[PDB]
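Participant: Mind looking over this structure? Questions follow.
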Number of protein chains: 2
Amino acid sequence: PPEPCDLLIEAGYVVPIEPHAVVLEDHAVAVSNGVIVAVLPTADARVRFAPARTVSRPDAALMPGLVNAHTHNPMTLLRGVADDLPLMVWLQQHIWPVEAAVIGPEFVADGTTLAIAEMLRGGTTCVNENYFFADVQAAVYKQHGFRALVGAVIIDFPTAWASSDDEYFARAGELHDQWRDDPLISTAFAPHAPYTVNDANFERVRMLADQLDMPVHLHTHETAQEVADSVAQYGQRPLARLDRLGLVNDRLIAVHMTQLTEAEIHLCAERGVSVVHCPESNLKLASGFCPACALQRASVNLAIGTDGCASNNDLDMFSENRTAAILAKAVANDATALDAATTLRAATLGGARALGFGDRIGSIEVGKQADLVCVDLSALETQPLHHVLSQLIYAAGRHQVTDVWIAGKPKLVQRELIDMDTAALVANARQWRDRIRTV
Amino acid sequence: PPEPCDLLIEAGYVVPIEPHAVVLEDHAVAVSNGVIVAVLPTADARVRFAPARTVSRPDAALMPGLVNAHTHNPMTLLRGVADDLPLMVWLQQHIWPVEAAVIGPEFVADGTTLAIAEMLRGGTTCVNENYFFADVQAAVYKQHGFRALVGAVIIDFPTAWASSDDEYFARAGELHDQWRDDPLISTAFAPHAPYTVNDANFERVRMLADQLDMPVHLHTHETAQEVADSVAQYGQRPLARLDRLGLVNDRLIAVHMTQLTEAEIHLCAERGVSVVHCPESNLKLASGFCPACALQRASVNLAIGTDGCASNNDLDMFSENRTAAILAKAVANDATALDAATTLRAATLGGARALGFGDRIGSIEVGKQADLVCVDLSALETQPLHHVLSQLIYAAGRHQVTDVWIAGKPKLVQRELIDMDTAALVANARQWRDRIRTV
Ligand SMILES: [Mg+2]
Ligand SMILES: [Mg+2]
Ligand SMILES: [Zn+2]
Ligand SMILES: [Zn+2]
Ligand SMILES: [Zn+2]
Ligand SMILES: [Zn+2]
Ligand SMILES: [Zn+2]
Ligand SMILES: [Zn+2]
């Protein structure tokens, strides 16, 4: 007599991530109470289980949700607002003045919600969020059942979010207390950048991150000019200064990291630092060339993120992964750099580990949360199918995602979003388009 | 009383390419006998015309078909066959031996046909094809109503296509004679590479290309090792040798061009040479960094191509354009390089001009052929819509293409392919997958 479980998903291919470079043909995944309870051949699964419901996708690959390890998601409302302009013109004359005019709880809620639809439609199931009004974001992600590490911004300058150091840290503390032990939402400190966060604020982040047990999410070594300005002001590269401040350790999520030495690579490896690679943003802003292959081979935990929609301009992790994989080869002058399996690992388990969720998501293993994605591979764009891992990285587009679950709850069903209305989303986006136009 | 025309396409946005950087809101395009006969505000068009049929796409951008200016389209059957391997292992141990085993008219016809479906579904309407069995390819493109400049391969080594110099040139001559004055298919010489084509064969291409009035389609300066091997063998960089052979002129389509000097840039500008940029292939093979911004600002006609599906691994020109645009900024250390309008220009009119079709395709102007694409912009992935050109380059995915016409004939209608059956295409691709597996 079969054993009950809540859901059985049968697929043409299961890609567990752990073990590495393995593809399980004709396998199924059983789920109960949001948790993965079995991964096994589909014939073996049909004898073993009496699922309350079964989902069969014989043409699809089933893999863990992609983990977008660096977002500013309300900026979906600023999609393409200021393209093809140098960084300081982009920021000073476009991004900051628009943000100043529009940032508040409504803007953050609507932009985050728009991002959640875009992320689900493209098979992303978790984010490492970095934006003002983190309180609203956490609530929005939680309401939609979407997984997130939500950062509390710390910066030396006043904004609508907080006008003083004490206020930024009071908000951070409130965010952490509200979300302690939540299964979907965790919290992090997000000091903005080495050039916008003073030594005293960095010291306070170090102390509170240890006290409250939170990661530290930091834009680091993103540009040549950042490194040079740091030498002028502090006599030291930023990583050297952060090291002396006590911020280079197994809590640090270092984003961008385009300007780097070997010492620094092994520094990151020894201390347990994660690097988030955002290649499309880096290329588009002319920030430089993160040595992703060097970091990966030095055993630095590597994740992949998109950054925001004013410098990408999409949240497409399938694209981001492909860009990471092909750029890594050219930068390293080495065609074996960041192979398909390794890149897919970074996009799932690498991101999971960077956000401190490594034990709960990122691979299809018994006991982990059922954050899962079906990618249709029967589309002619992904045929013939010589190698499934190759196909997911170098040929599949994000529109081939057909089904998405987060903690076993259906979020996208045959390309349809559950409890979201795309028409209302689009109408809301047009309002914001008009408001920004007046600024 | 209204004036008759065959077809009126009404769209939310018309992007004519000529004039540059212009977007016509709420405009229509009238077409008769496959030719564009008017471009004008939709209200003005409804009073003027009595179309036999009208297509209304109020949420869409209408633009010229994308021109993929470098393909090896039968290699769609080799999609992902050998990823993450260095160039000489890729070629010698995988690509050449598989091609040797499978190349023939059936393989070329099936692979080309597969590519035509993928290209149409992604809004590509013209190719610059470079493969064995060009006779079969020309016939296949013509049968599907798909525009192509089809190259006759010239190479010093025997293959199933031709076993001697005389045979390669006899085939080339036959191809040209069969397709003279065809409105859809034109022909070019395709000497393979400087290192596979001897001086005598290059001389023969120069003479026949002038005599028969054909372009010359040549992989040029693709790799460091190509340039160095040339210095060893000929005492000269390859462009210097081709210059002395008389091949650097207004017939040359130079593909890849990753290894380049300034002299060479101005050389190309002075002589009317077109460069085809294939960024994704270049990055994936670690070939290097074509100075696309440098070439464009030096007035070198620049086009964009995908190369083949064993080194991309898709035929996605929306992606290729985005990669070209963002890579150009990082390579040039200049965020204003290859802006959205300029990149879109390269993808349409630049390709048109590279293939010698500049007077017939590449912009929405009266008198040109009605090769047109509707891109749905109402998808949330492309909202809010702050700038249409930005959106087409940095956010739109190829699955947002909804309708495609070539010479005014519908090829893709609401994502449905006309006179193609995707299921048969997929079944055929699986056969080839099995055959290759045995090699
Ligand atoms: Mg992107
Ligand atoms: Mg591609
Ligand atoms: Zn805590
Ligand atoms: Zn950024
Ligand atoms: Zn950022
Ligand atoms: Zn002729
Ligand atoms: Zn190639
Ligand atoms: Zn090629």
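Identifiers in the structure tokens: chain A, B, ... in order shown; residue index from 1 per chain; ligand index from 1 in order shown.
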Counting only C-alpha atoms, collect the residues of chain B whose closest atom lies at most 6 Å from chain A, and write them out as a VMD selection string.
Facilitator: chain B and resid 80 to 81 84 to 86 283 to 286 313 to 314 326 to 327 329 to 330 333 335 to 336 339 380 384 386 390 394 to 395 426 429 to 430 433
Participant: Within 6 Å of ligand 3 (counting only C-alpha atoms and all ligand atoms), which residues show up? I'd like them as a PyMOL selection string.
Facilitator: chain A and resi 180+212-213
Participant: Residues within 10 Å of ligand 8, counting only C-alpha atoms and all ligand atoms: report them as a list in words.
Facilitator: residues 70, 71, 72, 73, 129, 130, 131, 192, 193, 217, 218, 219, 220, 222, 255, 256, 278, 281, 305, 306, 307, 308 and 311 of chain B
Participant: Could those residues be written to a file, using N, CA and C atoms, as an mmCIF file, in the first residue's frame?
Facilitator:
```
data_model
loop_
_atom_site.group_PDB
_atom_site.id
_atom_site.type_symbol
_atom_site.label_atom_id
_atom_site.label_comp_id
_atom_site.auth_asym_id
_atom_site.auth_seq_id
_atom_site.Cartn_x
_atom_site.Cartn_y
_atom_site.Cartn_z
ATOM 1 N N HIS B 70 26.208 36.518 -39.385
ATOM 2 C CA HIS B 70 27.167 35.412 -39.449
ATOM 3 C C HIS B 70 26.614 34.123 -38.871
ATOM 4 N N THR B 71 26.245 33.187 -39.752
ATOM 5 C CA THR B 71 25.705 31.906 -39.277
ATOM 6 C C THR B 71 26.401 30.686 -39.875
ATOM 7 N N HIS B 72 26.333 29.573 -39.141
ATOM 8 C CA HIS B 72 26.655 28.240 -39.651
ATOM 9 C C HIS B 72 25.444 27.407 -39.251
ATOM 10 N N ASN B 73 24.340 27.623 -39.950
ATOM 11 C CA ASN B 73 23.059 27.196 -39.379
ATOM 12 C C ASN B 73 22.791 25.669 -39.209
ATOM 13 N N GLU B 129 24.859 33.325 -44.411
ATOM 14 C CA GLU B 129 25.130 31.911 -44.166
ATOM 15 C C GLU B 129 26.513 31.488 -44.667
ATOM 16 N N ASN B 130 27.157 30.592 -43.898
ATOM 17 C CA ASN B 130 28.505 30.175 -44.266
ATOM 18 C C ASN B 130 28.630 28.677 -43.969
ATOM 19 N N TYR B 131 28.287 27.821 -44.939
ATOM 20 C CA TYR B 131 28.350 26.377 -44.694
ATOM 21 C C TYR B 131 28.485 25.565 -45.995
ATOM 22 N N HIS B 192 37.272 30.172 -46.046
ATOM 23 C CA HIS B 192 37.052 29.812 -44.654
ATOM 24 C C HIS B 192 37.794 30.718 -43.653
ATOM 25 N N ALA B 193 39.111 30.811 -43.787
ATOM 26 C CA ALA B 193 39.933 31.585 -42.858
ATOM 27 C C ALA B 193 41.303 31.812 -43.534
ATOM 28 N N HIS B 217 32.968 36.694 -47.762
ATOM 29 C CA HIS B 217 32.605 36.501 -46.339
ATOM 30 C C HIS B 217 33.709 35.693 -45.646
ATOM 31 N N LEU B 218 34.490 36.327 -44.762
ATOM 32 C CA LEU B 218 35.738 35.732 -44.273
ATOM 33 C C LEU B 218 35.935 35.864 -42.765
ATOM 34 N N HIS B 219 36.079 34.740 -42.065
ATOM 35 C CA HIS B 219 36.577 34.806 -40.683
ATOM 36 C C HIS B 219 37.945 35.474 -40.649
ATOM 37 N N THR B 220 38.080 36.588 -39.933
ATOM 38 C CA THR B 220 39.327 37.375 -39.992
ATOM 39 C C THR B 220 39.801 37.833 -38.609
ATOM 40 N N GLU B 222 40.269 36.340 -35.790
ATOM 41 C CA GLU B 222 39.427 35.822 -34.744
ATOM 42 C C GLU B 222 40.213 35.518 -33.458
ATOM 43 N N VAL B 255 34.657 38.807 -40.413
ATOM 44 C CA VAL B 255 33.958 38.299 -39.221
ATOM 45 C C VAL B 255 34.888 38.120 -38.026
ATOM 46 N N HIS B 256 34.426 38.569 -36.867
ATOM 47 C CA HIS B 256 35.086 38.395 -35.555
ATOM 48 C C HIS B 256 35.981 39.558 -35.208
ATOM 49 N N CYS B 278 30.497 39.067 -33.313
ATOM 50 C CA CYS B 278 29.875 37.871 -32.729
ATOM 51 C C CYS B 278 30.352 37.755 -31.266
ATOM 52 N N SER B 281 29.983 34.188 -29.060
ATOM 53 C CA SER B 281 30.918 33.166 -29.508
ATOM 54 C C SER B 281 32.341 33.546 -29.092
ATOM 55 N N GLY B 305 26.307 39.157 -35.504
ATOM 56 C CA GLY B 305 25.966 37.785 -35.856
ATOM 57 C C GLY B 305 26.117 36.873 -34.630
ATOM 58 N N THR B 306 25.575 35.669 -34.710
ATOM 59 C CA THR B 306 25.569 34.749 -33.573
ATOM 60 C C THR B 306 26.671 33.668 -33.671
ATOM 61 N N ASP B 307 27.177 33.392 -34.884
ATOM 62 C CA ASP B 307 28.006 32.209 -35.149
ATOM 63 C C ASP B 307 27.114 30.995 -34.954
ATOM 64 N N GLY B 308 27.675 29.831 -34.715
ATOM 65 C CA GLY B 308 26.904 28.585 -34.689
ATOM 66 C C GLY B 308 26.490 28.131 -33.296
ATOM 67 N N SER B 311 28.814 27.033 -30.416
ATOM 68 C CA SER B 311 29.565 28.063 -29.656
ATOM 69 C C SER B 311 28.731 29.338 -29.439
#
```
Participant: DSSP on the backbone: what in segment 181-363 of chain B comes out alpha helix (DSSP H), as number ranges by chain?
Facilitator: B: 199-212, 224-234, 238-244, 262-271, 279-284, 292-297, 317-331, 340-345, 351-354
Participant: Could the residues of chain B that have an atom at most 9 Å from ligand 6 be listed as a Markdown table, each with its closest atom pair and the distance in Å to one decimal, counting only C-alpha atoms and all ligand atoms and ordered by chain and ascending residue number?
Facilitator:
```
| residue | atom | partner | partner_atom_place_in_ligand_line | distance |
| --- | --- | --- | --- | --- |
| B:176 | CA | ligand 6 | 1 (Zn) | 6.4 |
| B:177 | CA | ligand 6 | 1 (Zn) | 7.4 |
| B:179 | CA | ligand 6 | 1 (Zn) | 8.7 |
| B:180 | CA | ligand 6 | 1 (Zn) | 5.9 |
| B:181 | CA | ligand 6 | 1 (Zn) | 8.0 |
| B:186 | CA | ligand 6 | 1 (Zn) | 8.9 |
| B:187 | CA | ligand 6 | 1 (Zn) | 8.3 |
| B:209 | CA | ligand 6 | 1 (Zn) | 8.4 |
| B:210 | CA | ligand 6 | 1 (Zn) | 8.9 |
| B:211 | CA | ligand 6 | 1 (Zn) | 7.5 |
| B:212 | CA | ligand 6 | 1 (Zn) | 4.0 |
| B:213 | CA | ligand 6 | 1 (Zn) | 4.6 |
| B:214 | CA | ligand 6 | 1 (Zn) | 6.3 |
```
Participant: Counting only C-alpha atoms, which of B:134, B:263, B:108, B:120 gets nearest to residue 371 of chain B?
Facilitator: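 Going through B:134, B:263, B:108, B:120 one by one, the smallest distance to residue 371 of chain B is for B:120.
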Participant: Give the answer as one residue: which of B:318, B:365, B:230, B:344 has the shortest atom-to-atom distance to ligand 1, using only C-alpha atoms and all ligand atoms?
Facilitator: B:318
Participant: Based on the backbone DSSP call, show me all residues of segment 110-153 of chain B assigned strand (DSSP E), as a list in words.
Facilitator: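 Those in segment 110-153 of chain B that DSSP calls strand (DSSP E) are residues 124, 125, 126, 127, 128, 129, 130, 147, 148, 149, 150, 151, 152 and 153 of chain B.
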Participant: For each of B:54, B:438, B:42, B:137, take the minimum atom-to-atom distance to residue 5 of chain B, counting only C-alpha atoms, then give the residue where this is smallest.
Facilitator: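 Checking each of B:54, B:438, B:42, B:137 against residue 5 of chain B, counting only C-alpha atoms, the winner is B:54.
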Participant: Taking into account only C-alpha atoms and all ligand atoms, which residue in the set B:417, B:373, B:324, B:401 is nearest to ligand 2?
Facilitator: B:324
Participant: Atom CA of residue 199 of chain B and atom CA of residue 89 of chain B are how many Å apart?
Facilitator: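 Answer for the atom CA of residue 199 of chain B to atom CA of residue 89 of chain B separation: 27.3 Å.
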Participant: Please provide the set of residues having any atom within 12 Å of residue 233 of chain B, restricted to only C-alpha atoms, with same-chain residues fewer than 6 positions apart removed, written as a list in words.
Facilitator: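 My reading of the contact set: residues 194, 195, 198, 199, 226, 227 and 241 of chain B.
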Participant: Take atom CA of residue 12 of chain A and atom 1 (Mg, counted along the ligand's line) of ligand 1 and report the distance between them in Å, one decimal.
Facilitator: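 Here the two named atoms are 27.8 Å from each other.
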Participant: Write out as a count of residues only each polymer residue whose atoms come within 9 Å of residue 249 of chain B, counting only C-alpha atoms; drop sequence neighbours fewer than 4 positions from it.
Facilitator: 6
Participant: Skipping near chain neighbours, those fewer than 2 positions away, what residues fall within 9 Å of residue 27 of chain A using only C-alpha atoms, listed as a list in words?
Facilitator: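 Using only C-alpha atoms, the neighbours found are residues 9, 10, 11, 12, 13, 14, 24, 25, 29, 39, 40, 41, 42, 43, 44 and 45 of chain A.
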